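Residue numbers (the entry's author numbering), protein chains in the order written: chain A, 2 to 510; chain S, 1 to 167; chain E, 9 to 474; chain D, 9 to 475. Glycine is no exception: its CB is placed at the ideal position from the N, C-alpha and C atoms.
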Amino acid sequence: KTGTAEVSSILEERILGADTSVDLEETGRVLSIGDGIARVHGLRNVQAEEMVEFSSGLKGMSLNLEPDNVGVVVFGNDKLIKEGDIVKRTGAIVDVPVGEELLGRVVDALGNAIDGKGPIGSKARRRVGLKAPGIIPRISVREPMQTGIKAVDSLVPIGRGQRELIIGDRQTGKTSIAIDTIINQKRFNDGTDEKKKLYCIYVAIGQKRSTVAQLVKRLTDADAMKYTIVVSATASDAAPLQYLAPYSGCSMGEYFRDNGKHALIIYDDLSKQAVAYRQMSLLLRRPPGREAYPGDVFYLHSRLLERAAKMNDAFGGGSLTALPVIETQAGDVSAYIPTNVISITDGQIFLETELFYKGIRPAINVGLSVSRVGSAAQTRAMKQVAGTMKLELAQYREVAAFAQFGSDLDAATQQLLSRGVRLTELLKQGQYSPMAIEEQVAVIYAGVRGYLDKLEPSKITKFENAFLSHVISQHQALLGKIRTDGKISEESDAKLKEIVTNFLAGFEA
Amino acid sequence: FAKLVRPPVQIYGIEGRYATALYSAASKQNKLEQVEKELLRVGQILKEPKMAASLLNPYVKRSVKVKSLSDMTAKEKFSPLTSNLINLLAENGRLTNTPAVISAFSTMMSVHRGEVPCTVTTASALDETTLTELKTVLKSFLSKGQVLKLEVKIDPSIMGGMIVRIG
Amino acid sequence: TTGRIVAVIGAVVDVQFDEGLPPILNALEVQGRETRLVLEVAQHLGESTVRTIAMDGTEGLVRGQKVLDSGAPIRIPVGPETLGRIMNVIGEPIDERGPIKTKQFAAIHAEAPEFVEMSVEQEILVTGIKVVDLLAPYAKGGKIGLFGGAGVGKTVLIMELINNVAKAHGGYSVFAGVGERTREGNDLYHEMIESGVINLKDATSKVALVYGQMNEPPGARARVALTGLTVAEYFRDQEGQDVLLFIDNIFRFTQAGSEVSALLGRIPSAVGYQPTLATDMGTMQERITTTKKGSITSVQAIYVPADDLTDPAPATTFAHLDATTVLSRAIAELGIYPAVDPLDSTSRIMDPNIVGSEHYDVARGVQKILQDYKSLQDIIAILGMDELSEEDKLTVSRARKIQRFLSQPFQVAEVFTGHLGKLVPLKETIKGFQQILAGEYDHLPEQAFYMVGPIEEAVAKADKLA
Amino acid sequence: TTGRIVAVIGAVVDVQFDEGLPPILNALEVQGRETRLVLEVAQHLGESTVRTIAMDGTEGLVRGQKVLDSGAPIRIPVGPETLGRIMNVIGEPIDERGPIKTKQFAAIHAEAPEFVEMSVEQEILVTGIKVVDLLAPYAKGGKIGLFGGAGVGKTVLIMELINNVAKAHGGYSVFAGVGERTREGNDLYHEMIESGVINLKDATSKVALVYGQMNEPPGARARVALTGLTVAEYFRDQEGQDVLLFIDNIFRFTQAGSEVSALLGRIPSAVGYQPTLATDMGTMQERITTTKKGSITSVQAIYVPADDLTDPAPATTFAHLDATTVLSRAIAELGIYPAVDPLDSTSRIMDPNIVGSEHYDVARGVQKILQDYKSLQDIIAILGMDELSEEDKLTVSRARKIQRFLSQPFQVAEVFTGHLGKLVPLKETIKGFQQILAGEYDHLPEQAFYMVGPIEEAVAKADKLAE
């Protein structure tokens, strides 16, 4: 600024004051350009954070309203442009297309196809620049919500509207898991309780197309894509795009939320997003901070996440359940933003690879995993069996305590350990394994009531599949019932037991 | 925007980033010289405080400092784009800096085609020289002046020290 | 005076003010804003350009907007008419119940009580959580800093404290939700409604809420604190009311500040932490006392940054504390609700004079054992189940009893803990432990002490199985 | 359009163009530097000045000098004649046998191919080497990063793979020796030459070599990456080919980027990085793929600085991969080559499905045992033994056999090893370890398992090792 236009060309005419007179106000000439940062001279009158439009067609946005020029993050190329290029105002900040036809659709973060399903239709467009709802506008989470993963639904019993951190490592199947959850939502979407229909928004944040491609392919396979947006900021992305993607997502899901719908956004992951943004700030020489990160990216997110909610029905009728993902790298949440984030959600979900290495998908460090919420995010159902199990794993862990000290100190515990092992078997949960609760509790019940202590741990699982098919086939009645009861009923138990015993008996013998 | 035009000297820009504007500006429209003289004038037209010292006084509002220092006065016949650049250096506070732009400038239509080599005493004395021919010698002859020991010395001009300098 | 938007680069707004720069902290009102867009003047850059801070919403702002200075800081409603009402920083409802009908206005700053203005009164108040009384005495005017696991203990505790207190102590509370999670406020709300101590039919709530939430600029989040202070100063000074000032999170303030220092161009102190971190605090704590009229005892949530304290920020904080409750996650993990790090749920205060001399002593016995107990524990990580050199085991176990006994089930967490409420009236507490020191619990085994109210109930519970 | 070099601060060449600036990225030919000095426009610095980058170095430049835009970005020779050649960025004969006469030219730029135009979900390319496939099976056309400290036989190992595999592979391959020791490349060359796969009689080979050695000025090293890409892309799609893309080392590439980042007047980053690292990569890695038109299985050697992975750059890196070979410096340090940390070298691509469960499971048990086994290792390490559990002992030992069983010596490089110990076709692999799972072997040695091939023979060796 202090050089440019103090030096000629630019300056060289301002002198006269003849140079459109000046204008460049609803126009700009690219003052300097390099590298997706169009310092654009002019655009002078501008809104704040206006998305502007390029002579290369393209967008960039005038975030930085400087008194001279506009720091424009150009969301892309520099090989198009060469300086002085005309930037025409749009007078307008971003709002993003939103709609419900995005359900069934993979778009880029532009909310434009990449799907190669031709184009999407854009019904609505809706602000990304839209704030979070209010207290009363929210009615807190009531629901449960099944990922179809006993462990998950049990130990983090999730409702909807809920902001909750998914955290876990590098392609560790975590994402597989995340998919499986998503797969689970299918049944609800094949169900008809809208309130159990969770519209999935998979924000792919900086996640390379190839990586998307299989994955999407997987979604295709699940067909569940039909109620699913895949908001796609792949790795290739211009940073503002990757960056942008959540806010975009944010407009759409709140929309759903507000359209009564219970929306789910999977942000995978903001760790990357942040890089992109940070990078963006920093490039603007809007300097870094802790962990090189400048800090109101948190505000960005805090606010972002404040936009995820469970609406008071009078106030929205729906939910946007936010399942952010931060993919930890070495489980690292020392990671600034994780430290922050830890401070942000109403629990966070810890994954432990080791279980994974043990084979055990899931990975979980349950001990560290939390839904503080838990129960607001649940139902009667699970609690009746699960409480004890959690506790019992506490015990199991406890004798792993005394595996920080030891291997044997009680008979009981030789049993308890046995029991513990049993509980472990159940917690091995395949990837691509979406469930209904009744199964989840079902499978829990025998063992947690001891009757699977009576079996080879490896075979528990075997039982379970088999068992499942048994009831499915047989006790379909019941399955209807437990499902009816939305809980485990005395009847169901007893009958369950009876079944169980028979099944158990057939499996065990 | 424009395209590069720079009178001989020419310069480096930078407090002459303006100069260079007018090394294209003045140059173009070729009131090159009009302003060339303007500048000269300005120099002392400048030099006395007043509505100028005004700036110094931070608390005088630049806004109206321009409308005073340049309104009635610096447009006294300094205007074309000249008041506007005044009013630019004005804004851009490059007013205390302005002399140097003139300096910089003024080696411009004349001195634009200056004389450089660094030469003992009152060395070169910006003129004009044509590199194909010698011009050097001539000059020297003209004078049998300068100071050359006090002024530039037999060490440069012919190493008084060097014989010392080997050891 | 008037300003011009000349540049907005994020919430750092340079306004070139078109006229006289009045003092800083002047709230400027942006014209061309269909919001109450307060800017706080931040620096007089000179030639009437200020660096100002946006606290309100953006994206749309004209480079050229018009700013009209309120010429002073914000004036915001202060006075009792805030009770019930959930006001944001701007004193404006966010109760969504419409007006907050104080007709007294205030600059959100306030002054720092002089040396004489210490009506600071050196003694414990109580609200029945065992552990507290026991370890860390209470203060009239005092800042107690509560560290730990929000919404799993720290917050949870706060809420209980809130729960017992507002009712029990008359002299109100102020809650300033600094970067509050709307959601938690939602929840809280519903709890408050439910509890009805947020009186609304009679806005005679025993609590005022001031919120400067997550979805707000740091500037916004930062200032709700001052505001809240101003308000509370009303209740103390004016209303006598012995406010409990619940802050969640001063840390979120801290954050807002910290980013801000940078953004202000400015240098921040260590680790990036705003260098004025302390002064903000300092002055603010100095904008506290027990005045003659009242007491503002502050109850402070501190996101224990990285659960670190060593951490300069909490390092600073400590200077201002009158009690600190540092939870021990191990303890939280140890179940124990309360989830204490008792050794650091501390108060410099406590003395056999200050508390019961007994109290003190009993406590000293406890503090002692616990110190020691750890030492033994170290052997146990490498050397036991429930057996070593038994006397020594005994102390361990007792320490466990004590431990267990510290666990005080909590009603608000019949949901969270799964466990219902217990409040242990103080003697019953002291007696409880004092007895443990007296060790009759031998006759009575240990474990049942885990999560009980008075010590007996554990006895009942044990016996029924023995 | 012409510029004159106005500021040279190193090979960051500031050219002030005195008129029109072509868009950023134009390859410029400097008018004077016959030392074919391509400047790539990097920035339009403003006021018709660009920051351009010398690929090259600079000594002798007069501040002044005229630069003439080469009017495009780099045009490079492409097509098959680059096979069996050493190309640099500009495809010059570092074969040093004269040109790499092509038809085709290229902007060394290429972008990410459409997502739909990719193949969506790939199918396993088995990796031969028992340990390797087993724990990390790859995808045909996959991007594998081999994290590993270079030069630990790291490099040797890749070569050996090449040996096994690239040999075993038909299609074509692209080899990029970036930043690596010219000396090793020299030998390698001759070795390929020798191999005659670097055909001494085909301009082609089946493999094209592209080099961006360390001793170069950065741009050259940096940009050879795009180049190599362009070619391989050329072959992949155009030649429809199953390309193998060998990169040694992306690390030096990344480093090259980072190094400049500062100089580029940008901020460097954490650790000094290129803060654009991600975008660079994202876009780049996405330039990479196996589309439908061909497949590039890209084996990308990754020097990992101080083996710090944690170290953000590698932290990033991971995204780009879908198979990681994480070498354990410790294991390598045990001489044990295989040296990998395989509970760190990963593919989710191992499957009960794709890899069938047997393999898979056998692996899961393995991964497991080992994973547990390390955990103690340390404890016990100082905490010695027995007042314990000896079933653990069994696993420990077993783990150790297995451990050793992963080891296969550097077959070929008898110069380094003197040892052979072969490759294990996959069923035999599964079998091998599975048999150890059957633990029959267990009264047997440990180094029997060390540096071999087929478990049968290993067993044979066990017996033999038992004298």
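Assignment of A236 of chain A by DSSP, reduced to helix, strand and coil, places it in the coil class. Residue environment analysis places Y59 of chain S among the exposed positions, since fewer than 16 neighbouring C-beta atoms fall within 10 angstroms of its C-beta.
In this structure, DSSP gives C118 of chain S a state outside helix and strand, which the three-state scheme calls coil. Under the 8 Å criterion on CB atoms, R17 of chain S is classed as interfacial with respect to chain A. With fewer than 16 other beta carbons inside 10 angstroms of its own, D195 of chain D counts as exposed. According to DSSP, residue pairing for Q221 of chain E in a beta bridge does not occur.
In the pairwise beta carbon analysis, the stretch 342-362 of chain A is classified as not touching the stretch 285-298 of chain A: fewer than three pairs are separated by under 8 Å.
In chain order, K3, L4 make up the part of chain S whose C-beta sits under 8 Å from the C-beta of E27 of chain D.
Taking CB atoms only, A236 of chain A has a neighbour in chain D less than 8 Å away. When Cβ-Cβ separations below 8 Å define contact, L12 of chain A makes contact with chain S.
Distances from the CA of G79 of chain E to each of E:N361, E:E48, E:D450, E:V97 were compared; the closest alpha carbon is that of E:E48. Looking from the CA of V140 of chain D, the closest CA among D:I166, D:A120, D:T262 belongs to D:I166.
The beta strand (DSSP E) runs of length 3 or more contained entirely in the stretch 194-230 of chain A are, from start to end of the chain, 199-205.
Below the 9 Å Cβ cutoff, chain E contributes no neighbours of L199 of chain A, its closest Cβ being approximately 19 Å away. Per DSSP, the continuous alpha helix (DSSP H) segment holding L32 of chain S begins and ends at 32-46. Contact annotation: the stretch 402-417 of chain D does not touch the stretch 106-115 of chain D, with fewer than three C-beta pairs closer than 8 Å. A35 of chain D sits in a strand when the DSSP states are folded into three classes. For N87 of chain S, no beta strand (DSSP E) segment is defined; the enclosing uninterrupted segment is the alpha helix (DSSP H) at 86-91. For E144 of chain A, same chain residues with a beta-carbon under 6 Å away, outside a window of 5 residues either side, are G160, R161 in chain order. In summary, no residue of the stretch 53-70 of chain S has a CB separated from any CB of chain A by less than 7 Å. In this structure, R12 of chain E and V58 of chain E do not form a Cβ contact; the two beta carbons are roughly 11 Å apart against a cut-off of 8 Å. Contact between the stretch 41-55 of chain E and the stretch 48-64 of chain S is present: 3 or more CB-CB pairs across the two stretches fall below 8 Å. The three-state secondary structure of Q130 of chain E, taken from DSSP, is coil. Put simply, the backbone Cα of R71 of chain D is about 12 Å away from that of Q39 of chain D. Counting the other Cβ atoms within 10 Å of the Cβ of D316 of chain D gives fewer than 16, which makes it exposed.
Contact between the stretch 418-429 of chain A and the stretch 387-397 of chain A is present, with at least three C-beta pairs closer than 8 Å.
Under the three-state reduction of DSSP output, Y180 of chain D falls in the strand class. DSSP, read as helix, strand or coil, puts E54 of chain A in strand. Exposure of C118 of chain S is indicated by the presence of fewer than 16 other C-beta atoms within 10 angstroms of its C-beta. For the stretch 356-381 of chain A, the set of residues with a beta-carbon nearer than 7 Å to any beta-carbon of chain D comprises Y358, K359, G360, in chain order. Inclusion of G150 of chain D and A184 of chain D in the CB contact set at 8 Å is not warranted, their separation being larger than that value.
Taking C-beta atoms as the reference points, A144 of chain E and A331 of chain E count as a pair closer than 8 Å. The beta carbon of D297 of chain A falls within 8 Å of a beta carbon belonging to chain E, placing the residue at that interface.
Look at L402 of chain D here: in three-state DSSP terms it is helix.
Counting C-beta atoms within 10 angstroms of its own C-beta, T96 of chain S has fewer than 16 neighbours from the protein chains shown and is therefore classed as exposed. Taking every protein chain shown into account, the CB of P417 of chain E has 16 or more other CB atoms within 10 angstroms, so this residue is buried.
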